[PDB]
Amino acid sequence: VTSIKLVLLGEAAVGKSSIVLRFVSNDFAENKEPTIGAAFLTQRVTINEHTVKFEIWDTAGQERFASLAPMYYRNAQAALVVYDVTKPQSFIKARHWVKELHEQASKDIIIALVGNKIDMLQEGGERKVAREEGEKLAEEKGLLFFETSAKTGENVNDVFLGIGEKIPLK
């Protein structure tokens, strides 16, 4: 068993808590309420005979909680920087989160850039962050890159496995 300290960061309402609920409980709530400060969750994944245990701090993305974020990313081994593919503002905030982690988090943190809510693009939804622009930011800044839907589950497990496949196991 190998534990991995992970933090989620990103603008309010991009779906951080929904990504974690999908990963931990395989559930989705259209009425998920804003997180208060942060929430802790765990989930285990199997890689061959290894158990990889994620210790997850799901931070609140509202500015009223912004000064709590450093305590949760301070000793994180992995971060998910989440934006909403239908909200270009949230991608500007993702860019700022990547620079803050490069300045202030551990020098050996692994970062995944995650564009969420892609299910919305198959209904009444506008893609306002091209996948290629997410990929470009990830390539330039040395991040993993995924697009996800917490609502359908699409690629959510792939995000967490992609991180666990890059950290040495016990």
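Start at 1 with the first residue shown and count on from there.
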*State which stretch shows the higher mean Cα B factor in the entry: 81 to 89 or 67 to 75.*
67 to 75
*On mean C-alpha B-factor from the PDB entry, just flag whether 123 to 131 or 37 to 45 is the higher one.*
123 to 131
*Which one of 107, 50, 53, 117 shows the top CA temperature factor in the record?*
107
_Please place residue 101 in the lowest, middle or highest third of its chain according to the CA B-factor in the PDB entry._
middle
*Would you check the entry's CA temperature factor for residue 8 and let me know if it's in the chain's lowest, middle or highest third?*
lowest
*Where does residue 148 sit by CA temperature factor within its chain: lowest, middle or highest third?*
lowest
_Please place residue 155 in the lowest, middle or highest third of its chain according to the CA B-factor in the PDB entry._
middle
*Would the CA B-factor of residue 18 place it in the lowest, middle or highest third of its chain?*
middle
